[PDB]
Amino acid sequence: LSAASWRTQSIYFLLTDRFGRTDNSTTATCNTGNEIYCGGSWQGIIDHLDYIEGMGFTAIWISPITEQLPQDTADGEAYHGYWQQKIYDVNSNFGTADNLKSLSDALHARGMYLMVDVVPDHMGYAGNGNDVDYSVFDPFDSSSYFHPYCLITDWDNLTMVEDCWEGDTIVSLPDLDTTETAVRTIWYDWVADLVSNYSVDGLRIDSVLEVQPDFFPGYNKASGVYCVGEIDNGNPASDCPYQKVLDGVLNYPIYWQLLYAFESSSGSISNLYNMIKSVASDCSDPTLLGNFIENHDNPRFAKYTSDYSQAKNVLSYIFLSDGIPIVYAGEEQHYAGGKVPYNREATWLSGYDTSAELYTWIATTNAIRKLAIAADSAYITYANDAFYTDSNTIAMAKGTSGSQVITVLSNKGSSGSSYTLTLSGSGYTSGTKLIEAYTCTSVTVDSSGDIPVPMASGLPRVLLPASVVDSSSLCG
């Protein structure tokens, strides 16, 4: 699928090793601090696709698929897929090639998409960079395709960042020399064939900051599908310019500010609003960014606050602002894991409870997003406008005039206190009929052009023309 078509998708990110077992167990032990394989497979995913599909996701993002280093170390095992050694083989722990193709077919058969995580930057090696045995790698069995060993010592130094090696002294990450024609060739063929053999619909690229930007255009082009890169940094000025060579980037700038605005009743709304404006100014298409509020590399949102109203609000935000929403398996179950590896809890230990508070919230949010898209073809590409803010509130408008969706967010918390807010600035006129989708409340705009918004227990509120909701069954 191309970038333009990816815009209307919703993705569930899971760690192949942590989501589901081929034996369907709900009880298989998984001590995270141990950093070993707990046993998830591509068949375990297939086996729980109903679970995923009931929250209304259209796509999944899975861990890398290549064969890894086989050892156990004080750094743990390669259960995450980021320590590869032989690229033309599969991670036999996850299953067989046939199994990977069956995942692809099972998804497509449901109207779902497959997104795969890929690592162009490095190889993995159980030993320090001085003693790497290049004979273990396929096809890169020569120290010649790699950059000279150095650790990344100074992160402000972008050359050093691109040319020295990720990792430490227990498990080193042999850094490929991606400027070399032979390594661009290997990699461009490799990604065209990956897509063609397993029918991938889109790619998630690891360590984009660690690769020179000119590598990316012929890699985007050889794969023939949307590419979203990981540039792990909070500065839009550093990660937006990559949108010049990739298509999309993961929305790390918004991540940090969303997290803090919502962790408490005193979190900063100003900070969020300013970051919206900065990204819209540096990024060529914010609607092509991957939005998230948790992932496998930072503490879980529930580790900072266990308030459910705060949790609902960051979820409405990822789905209803500009960009593609991405939920990290566990999120829907209110997983509380902190620092890595504490945040890599097995989903199966939740028992796949489809009646969890957040399971339901995401399913309703997904319905809403799908309704808006179905009703205004210019909705998804329309730029988001944060039109009102106060110390605990942000209201945003998106969609064609006469049709815009209005989203109202609050960081007051469960403590809340019911009141009505008179939202000015919507662009809707006097007497327009709206329906608040989460409560099914019908409201009429003021003679002055105000929307009286019923606020309670600091929960999100979303309004669409009554007309539209009346054409669905969000509201009976």
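Heads up: residue numbers just count along the shown sequence, starting at 1.
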| property | result |
| --- | --- |
| Mean C-alpha B-factor comparison - 147-155 and 339-347, higher one | 147-155 |
| 180-188 or 130-138, whichever carries the higher mean Cα B-factor | 130-138 |
| Out of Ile36, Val445, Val408, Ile52, highest CA B-factor residue | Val445 |
| Residue of maximum C-alpha B factor among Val245, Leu320, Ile205, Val327, per deposited coordinates | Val245 |
| Modelled-residue ranking by C-alpha temperature factor, third containing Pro460 | middle |
| Third of the chain, ranked by Cα B-factor, where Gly234 sits | highest |
| CA B-factor placement of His296, once the chain's modelled residues are sorted into thirds | lowest |
| Third assignment of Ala28 from its chain's C-alpha B-factors | highest |
| Chain-wide C-alpha B factor ranking for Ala3, given as lowest, middle or highest third | middle |
